Amino acid sequence: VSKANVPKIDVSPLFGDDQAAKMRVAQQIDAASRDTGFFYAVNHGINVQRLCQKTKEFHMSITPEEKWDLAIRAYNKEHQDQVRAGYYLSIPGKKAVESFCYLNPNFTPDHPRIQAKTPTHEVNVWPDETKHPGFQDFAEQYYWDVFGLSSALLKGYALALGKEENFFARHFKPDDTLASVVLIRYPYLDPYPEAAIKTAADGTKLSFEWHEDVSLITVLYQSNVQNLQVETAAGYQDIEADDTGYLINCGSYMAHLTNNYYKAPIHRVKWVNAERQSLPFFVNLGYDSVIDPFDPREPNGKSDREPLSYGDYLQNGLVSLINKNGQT
Ligand SMILES: CC(C)[C@@H](NC(=O)[C@H](CS)NC(=O)CCC[C@H](N)C(=O)O)C(=O)O
Ligand SMILES: *CC(=O)N[C@@H]1CC(C)(C)N(O)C1(C)C
Ligand SMILES: [Fe+3]
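Its first residue numbered 4, the sequence shown is counted upward by one per residue in the entry's author numbering.
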């Protein structure tokens, strides 16, 4: 197995006002997006030093009682409103991964989309503050920290595609973003349950099968344990780990609106028997957000593709991925 070219891009100019410097970042984003589709954002300003400990302590200190109490509808029939947000339980002997997903903190009972009962909007559920001191505060602040990084990155992607820097970010708003954080624990297990290991067509043992992301972009922090592979014409290539940077790639919403100029890279998760933490942030727009497609390869930039409303895209995408690659 070969190794993917995944450049480390200093994204700090995207927070500044040096426009030429922003363009030089955008060129690097362009080149990565046209190559394997992945790059590492470095010099990003987020304090990642404790992200792994908090995630691990939360998952290791939360009890079975609390997991049922926070469980999404797939694990608890009593929680019909928790489709996206809540705890995703492991199944000892069968399923190793466990996670906790939360959405926009501004989705409260008073929010208009919650009052309208619009799909994909949910009020977050949280554990008991006394049993998990500071956890909710940490998690909500992290949401906005990675929101800010994602906003800057979206300015880089817009410039990379020849647009003004707010072409994407203008649709990415704290009041309505459908973006999500998932705090994933991949455990060390001995023996490791065979049922939790899938064998790819090429024989590689996997924890999660090939897929394109349901997102505009995906902004991921992970522990320093190599596991991701990206598919190229020459086969799957290993993505090296970097527990200081954020791994960035496009989702299928970006591929659609660019007439596949920036593809949504197909990737998968190798099985590795090692305790590790994964914290993806799925950059989703608002429910009614629509971006007019275009084709940067054509002189006139025109695309025949239908503009897709983001909320319908997300509803269709999250169900499709569950069907192909299983309930997580
Ligand atoms: C590599 C990571 C992204 C992670 N995989 C994942 O997060 C996988 C594939 S991108 N993602 C999903 O299943 C979609 C989660 C959507 C979330 N509940 C939401 O409602 O918004 C892994 O480490 O397995
Ligand atoms: C799991 C984790 O958060 N590790 C971080 C990553 C980094 C920035 C390299 N730090 O050194 C830690 C604490 C090892
Ligand atoms: Fe993915």
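Cβ atoms here follow ideal geometry from the backbone N, Cα and C, with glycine treated the same way.
| query | result |
| --- | --- |
| Own chain residues within Cβ distance below 7 Å of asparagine 230, not counting five before or after | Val272, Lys273 and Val275 |
| Identified DSSP bridge partners for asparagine 252 | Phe41 and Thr221 |
| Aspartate 241 beta carbon near ligand 3 (any heavy atom closer than 6 Å) | no |
| C-alpha gap between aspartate 298 and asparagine 262, whole angstroms | 5 Å |
| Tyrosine 160: first and last residue of the uninterrupted alpha helix (DSSP H) it sits in | 138-163 |
| Proximity test, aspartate 216 beta-carbon vs ligand 3 heavy atom, cut-off 6 Å | yes |
| Bridge-paired residues (DSSP) for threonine 133 | BP columns for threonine 133 are empty, so no partner. |
| Coil, strand or helix - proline 10 by DSSP | coil |
| Inter-stretch contact at 8 Å, needing at least 3 Cβ pairs: the segment 196-206 / the segment 293-312 | no |
| Residue(s) in a DSSP beta bridge with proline 196 | Beta-bridge pairing links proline 196 to no other residue. |
| Nearest candidate by alpha-carbon position, reference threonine 207, set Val184, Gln232, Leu192 and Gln225 | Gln232 |
| Assumed close pair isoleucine 269, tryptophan 213 - CB separation to whole angstroms, cut-off 8 Å | 5 Å |
| DSSP three-state assignment for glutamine 52, whether helix, strand or coil | coil |
| Any non-hydrogen atom of ligand 2 closer than 6 Å to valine 51 Cβ | yes |
| Proximity below 7 Å, CB of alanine 182 to CB of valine 286 | yes |
| Inter-residue Cα distance where the pair is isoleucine 32 and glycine 159 | 7 Å |
| With 16 other Cβ atoms within 10 Å as the buried cut-off, status of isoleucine 220 | buried |
| CB contact flag (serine 226, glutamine 280, <7 Å) | yes |
| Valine 322, enclosing alpha helix (DSSP H) - first and last residue | 313-328 |
| Cutoff 7 Å; reference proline 108; Cβ partners in own chain excluding five residues on either side | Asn127, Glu143 and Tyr146 |
| contact_flag[the segment 86-97, the segment 65-76] where n(CB pairs < 8 Å) is 3 or more | yes |
| Cβ contact check for the segment 186-196 and the segment 97-113: 3 or more pairs under 8 Å | yes |
| Distance cut-off 6 Å: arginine 308 Cβ against heavy atoms of ligand 1 | no |
| Beta-carbon proximity check, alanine 7 vs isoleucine 242, cutoff 7 Å | yes |
| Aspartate 21: CB within 6 Å of a non-hydrogen atom of ligand 2 | no |
| Residues that DSSP places opposite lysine 201 in a beta bridge | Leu209 |
| DSSP state of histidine 259 mapped onto helix, strand, coil | helix |
| Option in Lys98, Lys97 and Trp129 with minimal Cα separation from residue 3 | Residue 3 is absent from the structure shown; the chain starts at 4 and stops at 331. |
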